[PDB]
Amino acid sequence: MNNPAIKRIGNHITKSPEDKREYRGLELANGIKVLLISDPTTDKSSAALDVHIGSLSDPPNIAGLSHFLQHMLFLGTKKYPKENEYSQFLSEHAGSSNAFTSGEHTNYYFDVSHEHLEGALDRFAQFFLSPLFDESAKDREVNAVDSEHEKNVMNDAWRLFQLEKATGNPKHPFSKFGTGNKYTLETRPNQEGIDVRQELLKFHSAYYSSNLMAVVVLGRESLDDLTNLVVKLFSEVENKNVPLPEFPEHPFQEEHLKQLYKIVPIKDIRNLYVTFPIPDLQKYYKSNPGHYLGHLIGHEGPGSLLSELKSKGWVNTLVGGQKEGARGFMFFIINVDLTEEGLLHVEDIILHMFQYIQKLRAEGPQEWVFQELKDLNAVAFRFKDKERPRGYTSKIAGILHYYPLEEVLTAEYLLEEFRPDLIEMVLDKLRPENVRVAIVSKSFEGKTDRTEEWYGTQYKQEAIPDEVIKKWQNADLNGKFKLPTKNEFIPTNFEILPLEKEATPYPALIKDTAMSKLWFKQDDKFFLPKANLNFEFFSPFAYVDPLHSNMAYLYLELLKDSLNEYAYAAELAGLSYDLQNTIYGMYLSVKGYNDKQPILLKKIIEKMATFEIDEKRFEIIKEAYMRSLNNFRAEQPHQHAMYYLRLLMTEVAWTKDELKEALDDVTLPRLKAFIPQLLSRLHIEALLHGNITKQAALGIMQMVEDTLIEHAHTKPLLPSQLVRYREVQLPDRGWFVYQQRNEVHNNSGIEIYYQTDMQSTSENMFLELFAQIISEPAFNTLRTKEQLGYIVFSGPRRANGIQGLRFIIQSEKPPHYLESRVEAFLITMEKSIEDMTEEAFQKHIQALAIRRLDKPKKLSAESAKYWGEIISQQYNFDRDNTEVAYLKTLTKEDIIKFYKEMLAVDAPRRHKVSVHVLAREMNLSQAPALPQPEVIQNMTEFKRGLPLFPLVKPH
Ligand SMILES: COC(=O)[C@H](Cc1cnc[nH]1)NC(=O)CN(CCCc1ccccc1)CC(=O)O
Ligand SMILES: [Zn+2]
């Protein structure tokens, strides 16, 4: 009978009957709520802690302190004081880890090889026991946070996110600045005599209290074993009985309602944000009146708000529903993007909104809708895919805070109560008398008179004219607006087909004709009534030239726009498709309950092959596409770096500027012509994978072919015109640099590529092992020590059959300098591989092996792996055992000599390309001295003047 350390252990966690995992919920004596998960099949174990404090509890005079504290627990505790003990332990044991801070939560998660849960968890527990907050770490780390913020400065979501806070009640914690930067966490604290290390110590001690913590742990250990484990490591987290913060008063009071904000964006975008304050609905989780109204106002089917708004050519996409706030307040929003016509009809757009809200009011609550929503969720739950442990633990850790233990798994899914009163009550708040309207549009350049402090956002504020409100308050009924009708796409066949006699472990090539290559595998693994049906359509006309590339794109976009109304049912019913053009021709994937899949597929291909373009729709989509082309000049420096490198190293690739130019010559006549052309010769390669039989799959494939032949007279592509593109072949010992300026962002970016060779069993493992070995040392050096920026990445680069090592960094320092430090770092690595024990070397092999061998948890994960073998024409489905068997063979001498051949600064076959992206305005290890780079003036000339690699041979 009773353990002193456990307050209780009832009862029985409700899981899906499909869910093979075992679960124990429990509460420690110190008040920590805890879920244990035993899965004796798992390859990685995982754990997570969530503390119910976050940025909303920041001291007013030190903004971002809790985000900063989160950064700091990683950098040393009393029991494991090495600045990077934690993260290195993880790396050498196939783990990874992150954290985040919302306004009420700080959330910490890791995964490790199943065999080392305990070692991981023990280091992990110390974050919550005796963090060091080293003076020297704090000094460095504040920069990583300053970077985390700069990254966000010029991004439109983050600016709008803060603007909202800065326009509500300034006295309210909602208005606080979450991220924090260097100014708020080092400069102004010094100016005001604060010792931040103390302030972190004070804050950790004040709020990281056990009564405010929830833990989840997933491992192969029995439930009893996990219990002992958790109790051991966590019983000594101290209970300081902290009252859990509430915010009963809304940040939007009367003076904050009936306001119009006109806002200048960074990207050339136009949207309208409509938003009403609502009470906190969390406690209504079993009826969920917010979701009901969301499902409705947000509907995109026939008769919906969105589809009238879009027929009138005013908006294109809509999102509506309940938005989080914190304990005590929430929002209900309706946000749309805007056409040019739309921008001019904002007053009208909102009337339409209120006419629809009025309709809902007119019909009253609807139990049949509730019933649909509830059934949909029952089914979602019953067959939810197995989640990756890290996500799972992190997520549940969050919600242990809201639901009884027994309910944690089901609470966010199952609906129980039908609540016409709550439905009605929330609806009563969606009124013009407490509306907020915000317009984001470049047309406010200069017309602005305010500036948001933290992001610099410029905008104007205004009371909506008393007599615009009145006009909205009288919103009539409007007969273009109907409730949605029954969802016909809801599945009702869930039968798992039995496993065939000749069924196989990997996909089989079951059809090899000139028209198509069908790869097929019945699911032997997850047994859910779902499937994935993937297709590459090859046509050389998709990417023959910039003009065509645009056409391929627009066609597909107008097609998706056209099916949208009908497709949406299917999406709600757990059946979705994804359709986009590639450099190779087109891609189509259909995932979800297999029951009604063949209906949706058929509808897609048919529409595709008999497509009839609305002209108004074309003109709007095109104008939007133009903007998204420009809008690249506002993506981030490192994305630019990455993007130029892709352009520089692929045989064929059209630039954003080329596409922009060629976009003007795209006319209705021209597109109409293009489509039948595209569809007239194709090849199809497909993976059909899931709850389906060989006969079913063969049929599905042929139905696709048949529909095309029938409506597009499609016929086969010639084997020889199955063009796959090559990577540029860099000379032995060369170094080229390409330079560009980012105009928006005041940071710089850099990608450095050391190209090694073709992919091959041996060549792959040489690069992979080296990547694993440097993986954390790189992060720990270039970011944690050197603090070059927030974004510091290294790893293998694999494109068009060739490979290499890359570094990507976004910094404040110039690329000339970034370059220098990577090279410095690179020598440190030859050194430390020389110095490391055979056993340290073997651990790395074992860590790679484990990452490589980790088994898929869900159908779409397994599909992805195969689809990679297929899209890359390597067709090596057994690559993981092969490549791993070979890895174990490798010795230290092999890696030293691999590095010396291909990577060292004076490597006989070093092949280096750097992309330098300059910012809007432009004691340490020893950097080696570098050659004069060759500066690339012209991308085409560069490509013309080098060899191209071969392409890989298949299995
Ligand atoms: C259940 O209700 C729905 O289906 C709607 C409506 C909709 C989706 N697509 C067409 N309409 N879908 C929603 O996602 C509504 N809403 C999203 C607001 C969160 C948010 C967060 C950050 C920045 C902006 C906004 C809640 C949700 O996730 O379900
Ligand atoms: Zn952070």
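Student: Would you explain the environment of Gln-729 in this entry?
Tutor: Take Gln-729: it is sitting in the loop between β21 (715-716) and β22 (735-741). Overall, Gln-729 belongs to the partly exposed group, its relative accessible area being 26%. It is 9.2 Å that separates the C-alpha atoms of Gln-729 and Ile-802, two residues lying 73 residues apart in sequence. Once residues lying within four places of it in the same chain are set aside, the contact partners of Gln-729 are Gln-755, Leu-946, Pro-947, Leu-948 and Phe-949.

Student: Would you mind going over the packing of helix α19 (residues 615-630) against helix α21 (residues 656-663) with me for this structure?
Tutor: A pair of packed helices is captured by two measures, namely the crossing angle of their axes and the spacing between those axes. The geometry of α19 relative to α21 is characterised by a closest axis approach of 9 Å and an angle of 155° between their N-to-C directions. The angle between the axes of α19 and α21 places the two elements in the roughly antiparallel class. The handedness of the crossing between α19 and α21 is left-handed. Residue-level contacts link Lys-622, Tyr-625, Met-626, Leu-629 and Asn-630 of α19 to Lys-656, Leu-659, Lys-660 and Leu-663 of α21. Considered class by class, the residues forming the contact of α19 with α21 number five nonpolar, one polar and three charged.

Student: What should I look at first to understand the coordination of the zinc ion (ligand 2) in this one?
Tutor: Think of it this way: four donors in a tetrahedron around the metal ideally sit 109.5 degrees apart, and six in an octahedron ideally sit 90 or 180 degrees apart. Listed as protein donors to the zinc ion (ligand 2) are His-67 (NE2), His-71 (NE2), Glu-148 (OE) and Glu-148 (OE); their distances from the metal cover 1.8 to 1.9 Å. The site at the zinc ion (ligand 2) holds four donor atoms, and with the angles between them running 66 to 131°, its shape is irregular. Judged by its relative accessible area of 8%, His-71 falls in the buried class.

Student: Looking at this structure, I do not really get the site of ligand 1. What am I missing?
Tutor: In the neighbourhood of ligand 1, the contacting residues comprise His-291, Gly-294, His-295, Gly-298, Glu-300, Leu-318, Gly-320, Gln-322 and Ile-333. Between ligand 1 and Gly-298, the relevant distance is 2.8 Å, taken from a nitrogen atom to a main-chain nitrogen or oxygen of the residue. At a separation of 3.4 Å, a nitrogen atom of ligand 1 approaches a polar backbone atom of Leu-318. Summarising the interface, the protein chains cover 51% of the accessible area of ligand 1, which totals 630 Å² for the free molecule.

Student: What exactly am I supposed to notice about the sheet that holds β22 here?
Tutor: The strands that make up a sheet are held in pairs by hydrogen bonds between backbone atoms, and each pair lies either parallel or antiparallel. Strand order in the open sheet made by the six strands is β24-β25-β23-β26-β22-β27, with mixed pairing throughout. Looking at which strands have only one partner, the edges of the open sheet turn out to be β24 (791-799) and β27 (934-935). Relative to strand β26 (residues 912-918), strand β23 (residues 748-758) runs antiparallel, the two sharing six bridges. Across the sheet, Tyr-754 pairs through a bridge with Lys-912, a residue of β26.

Student: Help me understand the pattern of salt bridges in this model?
Tutor: Charged atoms that come close allow side chains of opposite charge to pair. Applying the stated criterion across every chain yields a total of 65 salt bridges. Among the salt bridges present, the one from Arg-798 reaches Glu-768, with a minimum N-O distance of 2.8 Å. Note that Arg-798 is positioned in strand β24 and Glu-768 in helix α24 (residues 761-785), a separation of 30 residues in sequence. A residue is classified by how much of its surface remains accessible, and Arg-798, at 35% relative accessible area, is partly exposed. A relative accessible area of 11% means that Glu-768 is categorised as buried. Residues joined in a network through salt bridges with shared partners are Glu-768, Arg-798, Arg-852, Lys-865, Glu-869, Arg-879, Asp-880 and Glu-883.

Student: Whenever I open this one, the packing of aromatic side chains confuses me. Can you help?
Tutor: Two descriptors summarise a pair of aromatic rings, namely the distance from one centre to the other and the angle between the planes of the rings. Inspection of the entire model under this criterion finds 51 aromatic pairs. For the pair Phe-74 and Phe-127, a centre-to-centre distance of 5.2 Å together with 65° between the ring planes defines the contact as edge-to-face. In this pair, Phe-74 sits in the loop between α1 (65-72) and α2 (85-91) while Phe-127 sits in the loop between α3 (117-126) and α4 (135-153), placing the two residues 53 residues apart along the sequence. Across the pair, exposure class does not vary: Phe-74 and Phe-127 are buried alike. Ring geometry for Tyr-866 versus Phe-877: centroids 5.6 Å apart, planes at 80°, classification edge-to-face. With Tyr-866 in helix α27 (residues 859-871) and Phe-877 in the loop between α27 and α28 (879-888), this pair connects stretches of sequence that are 11 residues apart.

Student: Would you take a moment to explain the nonpolar core for this structure?
Tutor: Among the nonpolar cores identified, the biggest contains 58 residues, and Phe-535, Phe-537, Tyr-555, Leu-588, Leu-671 and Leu-688 are the most heavily contacted of them. At 11 residues, the largest contribution of residues to this core is made by helix α17 (residues 546-572). Once you skip the residues sitting within four places of it in the chain, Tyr-555 turns out to touch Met-586, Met-608, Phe-611, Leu-671, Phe-674, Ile-675 and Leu-679. Residues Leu-75, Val-112, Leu-229 and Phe-234 belong to the second largest nonpolar core, which totals 56 residues.

Rules used throughout
Residues numbered from 1 in each chain as written, not as in the entry; some residues may be left out. Chains lettered and ligands numbered in written order. Heavy atoms only, no water. Residues with missing side-chain atoms left out of burial classes, pairs and counts. Helix = DSSP H or I, 4+ residues; strand = E, 2+ residues; numbered from the N terminus. Buried < 20%, exposed > 50% of the residue type's maximum accessible area, 1.4 Å probe, protein only. Contact = heavy atoms within 4.5 Å. Axes fitted to C-alpha atoms, helices over the stretch in contact; angles between N-to-C directions. Parallel < 35°, antiparallel > 145°, perpendicular 65-115°, else oblique. Left-handed = near helix turned anticlockwise from the far one by under 90°. Nonpolar A, V, L, I, M, F, W, Y, C, P; charged D, E, K, R; others polar. Donors = N, O, S within 2.8 Å, 3.2 Å for Na, K, Ca; no water. Tetrahedral: all angles 85-135°; square planar, octahedral: opposite > 155°, others 65-115°. Near = heavy atom within 4 Å. Polar contact = N/O pair within 3.5 Å; in protein donor to acceptor, adjacent residues only side chain to side chain. Areas by Shrake-Rupley, 256 points an atom, 1.4 Å probe, with all protein chains shown as cover. Pairing = 2+ DSSP bridges. Salt bridge = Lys/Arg side-chain N within 4 Å of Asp/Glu carboxyl O. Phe/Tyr/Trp six-rings, centres within 6.5 Å; stacked < 30°, edge-to-face > 60°. Core = buried A, V, L, I, M, F, W, Y, C linked by side-chain atoms within 4.5 Å.

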